[PDB]
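Undergrad: First piece of the complex, coordinates kept as in the full assembly:
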Amino acid sequence: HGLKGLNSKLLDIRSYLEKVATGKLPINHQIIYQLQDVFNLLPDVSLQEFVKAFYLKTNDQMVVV
Amino acid sequence: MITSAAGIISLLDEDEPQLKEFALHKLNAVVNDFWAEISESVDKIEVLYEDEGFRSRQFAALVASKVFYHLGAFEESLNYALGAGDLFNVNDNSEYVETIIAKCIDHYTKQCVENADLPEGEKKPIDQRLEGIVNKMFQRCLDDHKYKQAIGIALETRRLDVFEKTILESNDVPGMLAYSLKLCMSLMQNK
Amino acid sequence: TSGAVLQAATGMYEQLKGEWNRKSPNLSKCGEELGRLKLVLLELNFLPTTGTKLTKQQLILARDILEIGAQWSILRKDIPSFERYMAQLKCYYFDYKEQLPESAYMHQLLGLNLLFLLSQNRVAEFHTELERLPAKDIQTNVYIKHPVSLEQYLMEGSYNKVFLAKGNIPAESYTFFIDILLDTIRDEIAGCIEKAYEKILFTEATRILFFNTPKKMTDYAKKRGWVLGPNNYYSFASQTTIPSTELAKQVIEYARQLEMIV
C-alpha cells in the first residue's frame, strides 16, 4: 500500500510538471527549488561502502531468521 | 556380454551403407542395455535418420525413439516413433510399444481437445501419421472386441466418426446406445 | 555359404598380411583390401554379440583385420579410423576373454592407445581403461608400462623429464602420437602461463614453452597471443549491484512458506 501511495504521489507531481512544461501554468521557482532538493537528496546505492554494509547486515538478519 | 557399444557406434560413422544398416540392426538388438552410450552418440543417428537418401529412415527413427524412451524424453522419442513409419510393430505388445502407444494416445487426445474448441484456427498438423497410429489402435481394439473402450476413446478424442463406426459395428447396438446415452448425460461436461 | 565366405575372407586376409607387413607396400591398395575384408566381416560373425559360442574363425579374421586396420589408420594418421578400429579391438579383447586366447599383438596396440588418450588429454577415459586393464599388466608389460610412466610424469609436471623420455619408445608404432602428446603439452603449458606466471616476457616464454624459433612463437601468437604487454610480457592472467529483486523474491518466498495453512 505504501508503494502504491508513493507511485500515485509521483504520478501527481509528474502531471503537474508536464502542465508547467507545456506552459499551462507559471513556473514556481519555489516548487522547483523543492524538486531539485529532492533529487539532490536521492541516495547512491552502488557506493561500494553502502553495499558492503548492506550485505553484512543482511547476513546478520538471515542468520537470526 | 558385449559390455560396450563403442565399437558399433564408431563403425556407424563410416559411409558404407551396408555397414551402416547392419550396425543399426545390432544397435536395435542391444539397445535395452546401452541406451546411455547410444544417447551420447545420438547425433550421428539423427543425421542418419534425417538424410532421407539413406534407405533406413524407418529403422533409424525406430531406434532413435527407443533410445529416447530409455532416456525418458518421451516427446522427441514420440516423434521418432512416429517417423519410423509403419516399421513399428503394434501387436508385439512389448513394454516399449505399449508405452509409446500410451503417449501417442494422450498426446493425440490433447491436440484433439485443443482443436476441439479452436473453431478452425491452429488446426494442429495432427501428423496424419499420428492419426494413423490412433486409427490402428482403434482397429486392434475392435479386433479384441472392446467396443466400450473404442467408444470411449472416440468420445475423448472427439472422433464422432470413429465413435459412430464402432457403435454401429458393435456387438449389440441397443445396449451400446444406452451406455453411450448414460455416459453423455452424466460424464460429459463440454456443452 | 558359410564355408565359402570363411575361405574367401581367409584368402583375402592372407594376401593382405603377406603384402602389407612383410614388406611395406602400405598403399591405398592395402586400404581398399581392408575395405573389402571389412565388407566381408559385415556378413561374417561380426562383433559376436555373444550368444554364439562358435569359436568361429571370427577370432582370427576379426582380431587380425581390426589390428591391421588400426595400424593402417596410424600409418595414414586418420584418427577416426584409428579410434573406430581400436573400439572394435576393445570390444573383442575384453569381451570374450575365456572363449579366446591371448592376442599376442594386443598389449602393444593397447599401450599405443594409452598414448593416444594421453595425447588427446582424455585423462578420464584413459584412467577408466587403465582400471579395466588387469592389475599386473600395468607394470609387468613394457608396452603398457611406458605410456603409464609418461602419464605419471605429465601429471607430476616434470615436462623436462617428459621431453627427455622421448627416445624410450618400446615400439616404433608409438609414432606421431608422441607428437600429439608434445603439442598437447604445449597447450597445457600455455594455459599454465595464462592463468599463472603473471607477465612473462618473450625470452622466458620461449625457453620454458619449448616452441621453435622466436619467429615461430610470434606465429604461435596465433594462439590468441595474449596481448604481449608492453615488452612481450604476454599480458598476464586476466584478473556490487545489490541483487535486490532476487533477494526480495527469496524473502517473499520465506514468508509465503511460513504463512500457508499447510
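TA: Arrived safely. Residues are numbered from 1 along each chain as shown, chains lettered A, B, ... in the order given.
Undergrad: burial count for residue 50?
TA: Looking at chain A here, since you left the chain open. The number of residues packed near residue A:50 is 13, by other Cβ atoms under 10 Å in any protein chain shown. C-beta: built from backbone N, CA, C; applies to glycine.
Undergrad: oops, I was thinking of chain C
TA: Residues lying near residue C:50 (other Cβ under 10 Å) number 13.
Undergrad: right, and it touches residue C:99 too?
TA: No: look at residue C:50 against residue C:99 with Cβ atoms under 8 Å: they stay out of range, at 9.3 Å.
Undergrad: List the contacts of the residue nearest the centre of chain A.
TA: The residue lying closest to the centre of chain A (Cα atoms, centre = their mean) is residue A:42, at 5.7 Å. Taking Cβ atoms under 8 Å, 6 or more residues apart in numbering or on different chains as the contact definition, residue A:42 lies against nothing.
Undergrad: Give me the phi and psi for it.
TA: Main-chain torsions, residue A:42, degrees, to the nearest 10: phi -60, psi 140.
Undergrad: can you map out the helices along chain B?
TA: Using DSSP state H, the helices found in chain B span residues B:6-12, B:17-29, B:31-40, B:42-50, B:57-71, B:76-83, B:95-117, B:128-144, B:147-157, B:160-168, B:173-186.
Undergrad: what's the answer for the stretch 151-262 of chain C, then?
TA: Taking DSSP state H, counting those that start in this stretch, the helices of the stretch 151-262 of chain C run over residues C:159-164, C:177-195, C:202-208, C:214-220, C:244-259.
Undergrad: do you know which of those lies nearest residue C:37?
TA: Residue C:37 sits nearest to helix C:177-195 of all the helices of the stretch 151-262 of chain C, at 24.9 Å, using Cβ to Cβ.
Undergrad: for that closest one, which positions count as buried?
TA: Buried residues in helix C:177-195, counting neighbours by 16 or more other Cβ atoms under 10 Å in any protein chain shown, are found at C:177, C:180-182, C:185, C:189-190, C:193-194.
Undergrad: let's put chain D on the structure above:
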Amino acid sequence: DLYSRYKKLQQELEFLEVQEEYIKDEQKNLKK
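TA: So that you can see how it sits with the rest, here is chain D on the chains above:
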C-alpha cells in the same frame, strides 16, 4: 465400464482437490 470408472475417478480426484482448497480456506477463516 472401464472408462466409466476412469472418468468417475477423474471427477472424484478433481472434487477432492476442491476439498483440499475448501478446507485450507476455511481453516484460515476459522483462525480469524
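Undergrad: Please re-evaluate the buried residues of helix C:177-195 in the presence of chain D.
TA: Buried residues in helix C:177-195, counted by 16+ other Cβ under 10 Å: C:177, C:180-182, C:185, C:189-190, C:193-194.
Undergrad: in which helix or strand would I find residue 3?
TA: Since no chain was named, I'll use chain A. Counting by DSSP states H and E, the element that carries residue A:3 is helix A:2-22.
Undergrad: please go with chain D instead
TA: Here residue D:3 sits within helix D:2-31, counting by DSSP H and E.
Undergrad: For that helix, name the packing helices and strands.
TA: Identification of packing neighbours for helix D:2-31 by 3 or more Cβ pairs under 8 Å, 6 or more residues apart in numbering or on different chains; DSSP states H and E yields helix B:147-157, helix B:173-186.
Undergrad: Tell me which of those helices lies nearest to chain D.
TA: helix B:147-157 (3.5 Å; Cβ to the nearest Cβ).
Undergrad: ok and the closest one relative to helix B:128-144, angle-wise?
TA: Calculated by axes from the mean of the first three to the mean of the last three Cα atoms, to 10 degrees, helix B:147-157 forms an angle of 160 degrees with helix B:128-144.
Undergrad: Helix B:147-157 packs against which elements?
TA: helix B:95-117, helix B:128-144, helix B:160-168, helix B:173-186, helix D:2-31.
Undergrad: For residue A:61, which of those is the nearest?
TA: Across the helices and strands packed on helix B:147-157, residue A:61 has its closest neighbour in helix D:2-31 (27.4 Å, Cβ to Cβ).
Undergrad: relative to helix B:173-186, how tilted is the closest one?
TA: Helix D:2-31 and helix B:173-186 are oriented at 10 degrees to each other (the same axes, to 10 degrees).
Undergrad: Give the buried residues for helix D:2-31.
TA: D:3, D:7.
Undergrad: now stretch B:96-113
TA: Per 16+ other Cβ under 10 Å, stretch B:96-113 contains these buried residues: B:96-97, B:100-101, B:103-105, B:107-109, B:111-112.
Undergrad: quick one on the thing from earlier: okay, the residue nearest to the centre of chain A and residue B:27: tell me how far apart.
TA: Distance, residue A:42 to residue B:27, by Cβ to Cβ, to the nearest Å: 67 Å.
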